[PDB]
Amino acid sequence: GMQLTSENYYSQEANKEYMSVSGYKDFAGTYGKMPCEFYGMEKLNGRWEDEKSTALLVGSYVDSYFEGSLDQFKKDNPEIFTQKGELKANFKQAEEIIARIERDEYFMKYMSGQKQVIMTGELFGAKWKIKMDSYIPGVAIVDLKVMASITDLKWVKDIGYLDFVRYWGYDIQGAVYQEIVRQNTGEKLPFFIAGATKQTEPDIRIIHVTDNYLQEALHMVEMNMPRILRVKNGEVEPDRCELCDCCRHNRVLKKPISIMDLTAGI
Amino acid sequence: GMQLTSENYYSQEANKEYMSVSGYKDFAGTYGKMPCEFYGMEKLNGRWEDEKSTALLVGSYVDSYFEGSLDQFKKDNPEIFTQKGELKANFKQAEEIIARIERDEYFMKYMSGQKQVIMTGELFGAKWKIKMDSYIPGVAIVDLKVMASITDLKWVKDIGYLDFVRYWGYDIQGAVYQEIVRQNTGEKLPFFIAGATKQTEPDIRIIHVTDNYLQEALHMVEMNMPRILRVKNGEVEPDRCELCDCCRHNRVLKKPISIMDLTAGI
Amino acid sequence: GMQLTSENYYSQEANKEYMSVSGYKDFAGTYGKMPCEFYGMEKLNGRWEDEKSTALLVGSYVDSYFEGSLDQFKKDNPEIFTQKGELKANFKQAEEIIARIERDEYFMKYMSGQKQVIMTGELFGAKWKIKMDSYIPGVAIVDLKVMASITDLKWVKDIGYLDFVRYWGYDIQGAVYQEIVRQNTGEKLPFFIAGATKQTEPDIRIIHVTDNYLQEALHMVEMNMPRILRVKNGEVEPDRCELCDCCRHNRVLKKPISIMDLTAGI
Ligand SMILES: [Zn+2]
Ligand SMILES: [Zn+2]
Ligand SMILES: [Zn+2]
């Protein structure tokens with residue numbers, strides 16, 4: 000069993016040995032992003048690395064501020080600065096958001112736990128790994144998210160308006176995080192998202208994702224994992240969504256499509 | 000009774016003594032912008048000033064051109080120029096729009112009235128103030144608006160597609176302007192919006208907002224003013240929409256929300 | 000009968016003597032663009048030339064690469080370069096797209112025909128002209144299109160979701176191209192769009208637009224041409240959509256509109 004560390008948590012070998020919330024979503028998707036098994040297998044092999052995104056980089060900048068690892072973050076990610084030397088605007092806003100969080104005592108209490116805590120477990124067939132933004136032992140699991148909007152609802156076909164937690168599958172993250180802590184600690188802890196937005200005056204909220212929602216999502220994880228396990232173990236060929244950048248990079252045409260192909264399925 | 004002037008019309012003390020069309024909307028809102036009583040009270044106190052907007056600044060640039068006060072506008076608003084010295088593109092387009100207006104005789108006739116005329120009155124409980132772009136005594140009240148689109152319709156829930164006049168509450172502006180002139184002049188004058196757009200060839204129109212629409216909106220003003228008057232006089236605590244920048248700047252968290260809070264109301 | 004050439008195909012006199020797929024759409028429109036007869040007549044007269052668009056210029060850059068006329072394209076279109084000398088980003092992406100196409104053998108086979116082939120014919124009242132990106136004699140007519148998306152469907156009122164081919168009237172282009180080749184060759188050839196997208200990994204597809212769709216569109220052309228012919232021959236005054244830049248440039252106001260005018264037709 001591989002001993003995971005801060006340096007190696009995201010490693011290729013860390014990801015082969017341990018399913019992760021992020022791993023699962025590659026295969027299973029969320030309301031906001033189609034599943035794609037191929038994409039998930041190409042990431043594992045190391046034959047596809049994503050172009051790093053402004054949104055993710057903002058969010059890691061802020062994680063790094065709270066962990067006290069900002070100097071090294073900046074060193075490892077020179078693309079956050081202009082050629083002239085100054086932080087690009089999205090990051091000057093990141094500091095605006097941090098200051099906004101810091102002047103709220105209540106919000107700062109949820110951020111007061113152990114920082115980037117790695118834990119391990121067994122679920123539905125595989126070993127898993129988690130890494131929690133702010134963990135307060137015996138009281139709460141907190142995840143910081145920096146997003147465009149907390150209050151915006153999004154339309155889902157045949158379901159209707161959905162809040163951001165269920166839409167982006169943060170119900171999945173909470174469920175797994177909770178359960179893995181439970182296998183290490185015995186304690187079943189509540190899950191809170193500490194949200195801040197990139198609006199011009201940031202919106203701040205602590206959002207409790209209740210155990211009824213965590214339970215329904217841990218169930219869905221259970222239903223999908225067997226198919227996932229089959230694909231990761233070379234036991235079946237992964238499907239391609241044919242709608243992601245990985246799919247498009249790897250396509251090799253052999254036949255014409257027609258209009259039927261564009262309108263298939265309504 | 001305070002004697003209003005061009006220099007002091009928008010002053011803090013001018014706004015405490017006089018309700019205005021803009022004042023009313025802060026409290027009462029339009030189809031395009033939620034009401035927020037708090038925002039309205041923080042603007043009055045002087046504890047919240049809005050970040051000046053490109054759209055508003057374009058529009059004031061054009062007002063200032065027609066009043067012959069452009070030199071001083073430019074002096075008071077240095078942020079309309081690049082650091083290198085040139086007018087930012089939105090303002091180089093503003094001059095494009097002005098030239099487009101100027102080559103239309105018909106449009107120029109509606110713009111030929113007295114410029115930025117201040118009048119005063121009494122309505123539904125308070126003193127009010129108005130300031131009209133182009134006033135032709137005994138014939139018409141004209142308001143210049145520079146917008147994205149004249150012809151675009153916008154969907155309103157349980158109402159359907161709405162034209163820009165009703166959607167942005169310019170029916171309110173017209174109604175009040177008309178009535179206050181009527182209390183000074185005796186004459187009930189028609190209200191026209193002289194619209195130009197920021198499309199790449201600007202769309203130009205003179206739009207008559209008829210007295211049936213003005214009447215229905217002056218009615219709505221009447222229904223809402225008592226609640227407004229209560230709030231401005233410290234007789235009740237103002238509600239917060241919790242969806243504007245003022246609300247967000249001023250929020251002090253004390254409790255967690257949940258998904259119920261995000262989906263409340265459909 | 001005017002002998003058309005590469006140099007003169009798009010000339011004012013080439014367009015008076017020959018209807019073209021592009022000519023037809025000016026008058027008849029597509030699901031994606033309102034018809035406007037006036038616009039069509041002002042383009043013919045030479046009293047309206049369109050501001051050249053980034054999208055069209057990208058697409059011509061790529062045509063020019065395959066024809067071996069890129070040096071001269073660049074000379075004739077200096078606005079594709081920054082003042083500092085480098086290709087603007089949209090064109091650095093155009094080369095990315097070209098390289099992506101070139102590494103696909105199947106796609107390159109459809110691109111292997113004669114390049115920018117001009118043909119002429121008679122249909123429904125007028126002489127017509129066509130110019131085909133890649134023509135393989137006795138096998139296929141191929142048109143290269145560089146677009147935002149191949150898979151995106153667009154909503155059309157009282158019709159519903161429509162694929163890009165029918166939405167933008169490429170069914171019209173295919174139908175006419177096919178028929179004119181048939182009047183020169185005797186051979187009825189299949190029509191393929193060789194599509195590539197501007198997504199960050201370009202989507203590539205060969206799309207066969209089948210003869211049932213070409214037939215329904217050649218029919219619509221037939222129904223609309225008499226009205227078109229009347230307008231081009233000065234036999235009736237062209238209507239103005241009043242929603243395009245040409246219409247707006249040419250408007251001369253004489254009367255006020257009202258809200259009825261904005262909401263006419265639902
Ligand atoms: Zn995929
Ligand atoms: Zn508010
Ligand atoms: Zn038009």
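Chains as they are written, first to last, in the deposited numbering: chain A, 0 to 265; chain A', 0 to 265; chain A'', 0 to 265. A prime marks a further copy of an entry chain. Cβ atoms here follow ideal geometry from the backbone N, Cα and C, with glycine treated the same way.
Does the beta carbon of residue i sit closer than 8 Å to a beta carbon anywhere in chain A?
{"i": "residue 145 of chain A''", "result": "no"}
{"i": "residue 30 of chain A''", "result": "no"}
{"i": "residue 97 of chain A'", "result": "no"}
{"i": "residue 184 of chain A''", "result": "no"}
{"i": "residue 129 of chain A'", "result": "no"}
{"i": "residue 179 of chain A'", "result": "no"}
Can the beta-carbon of residue i be found closer than 8 Å to that of residue j?
{"i": "residue 31 of chain A'", "j": "residue 127 of chain A'", "result": "no"}
{"i": "residue 209 of chain A", "j": "residue 244 of chain A'", "result": "no"}
{"i": "residue 176 of chain A", "j": "residue 140 of chain A", "result": "yes"}
{"i": "residue 247 of chain A''", "j": "residue 201 of chain A'", "result": "yes"}
{"i": "residue 224 of chain A'", "j": "residue 123 of chain A'", "result": "yes"}
{"i": "residue 228 of chain A''", "j": "residue 125 of chain A''", "result": "yes"}
{"i": "residue 112 of chain A'", "j": "residue 135 of chain A'", "result": "yes"}
{"i": "residue 53 of chain A'", "j": "residue 76 of chain A'", "result": "no"}
{"i": "residue 276 of chain A'", "j": "residue 103 of chain A", "result": "The shown model of chain A', from 0 to 265, leaves out residue 276 of chain A', and the question about it has no answer."}
{"i": "residue 206 of chain A'", "j": "residue 171 of chain A''", "result": "no"}
{"i": "residue 33 of chain A", "j": "residue 242 of chain A", "result": "yes"}
{"i": "residue 48 of chain A'", "j": "residue 230 of chain A'", "result": "no"}
{"i": "residue 174 of chain A''", "j": "residue 220 of chain A''", "result": "yes"}
{"i": "residue 258 of chain A", "j": "residue 164 of chain A''", "result": "yes"}
{"i": "residue 179 of chain A", "j": "residue 222 of chain A", "result": "no"}
{"i": "residue 5 of chain A''", "j": "residue 115 of chain A''", "result": "yes"}
Please list the partners that residue i has in chain A'', where partner means a Cβ-to-Cβ separation under 9 Å.
{"i": "residue 176 of chain A'", "result": "The premise fails here: residue 176 of chain A' is roughly 17 Å from chain A'' at the closest Cβ pair, so nothing lies under 9 Å."}
{"i": "residue 191 of chain A'", "result": "255"}
Using a C-beta cutoff of 8 Å, does residue i count as contacting chain A''?
{"i": "residue 50 of chain A", "result": "yes"}
{"i": "residue 138 of chain A", "result": "no"}
{"i": "residue 250 of chain A", "result": "yes"}
{"i": "residue 81 of chain A", "result": "no"}
Could you tell me whether any Cβ in chain A' is nearer than 8 Å to the Cβ of residue i?
{"i": "residue 256 of chain A''", "result": "yes"}
{"i": "residue 266 of chain A''", "result": "As displayed, chain A'' neither begins before 0 nor continues past 265, which places residue 266 of chain A'' out of reach and without an answer."}
{"i": "residue 247 of chain A''", "result": "yes"}
Can you pull the chain A' residues whose beta carbon is under 8 Å from the beta carbon of residue i, in chain order?
{"i": "residue 150 of chain A", "result": "242, 261"}
{"i": "residue 265 of chain A''", "result": "160"}
Residues of chain A with a CB under 8 Å from the CB of residue i: which are they?
{"i": "residue 227 of chain A'", "result": "The premise fails here: residue 227 of chain A' is roughly 24 Å from chain A at the closest Cβ pair, so nothing lies under 8 Å."}
For the stretch 196-223 of chain A', enumerate the residues whose C-beta is nearer than 8 Å to any C-beta of chain A'', in chain order. For the stretch 196-223 of chain A', the beta-carbon criterion of a distance under 8 Å to any beta-carbon of chain A'' is satisfied by 198, 199, 200, 201, 202, 203, 204, 205, 206, 207, 208, 209, 212.
Below 8 Å, can you find three or more Cβ-Cβ pairs linking the stretch 7-26 of chain A' to the stretch 237-246 of chain A''? no
Check distances from the C-beta atoms of the stretch 99-121 of chain A' to those of chain A'' and list, in chain order, the residues that come in under 8 Å. 103, 105, 106
Taking 8 Å as the threshold, find out whether the stretch 46-62 of chain A'' comes into contact with the stretch 133-148 of chain A'' through three or more Cβ pairs. yes
Short of 9 Å Cβ to Cβ, which residues in the stretch 155-168 of chain A face chain A'? 159, 160, 161, 162, 163, 164, 165
Would you call the stretch 60-73 of chain A and the stretch 211-218 of chain A' in contact, with 3 or more CB pairs under 8 Å? Not touching, per the Cβ criterion.
Can you find at least 3 beta carbon pairs, one from the stretch 9-17 of chain A' and one from the stretch 150-169 of chain A', that sit closer than 8 Å? No, because fewer than three Cβ pairs between the stretch 9-17 of chain A' and the stretch 150-169 of chain A' fall closer than 8 Å, the two stretches do not touch.
For the structure I just gave you, are there three or more beta carbon pairs, one from the stretch 95-104 of chain A'' and one from the stretch 71-82 of chain A'', closer than 8 Å? no
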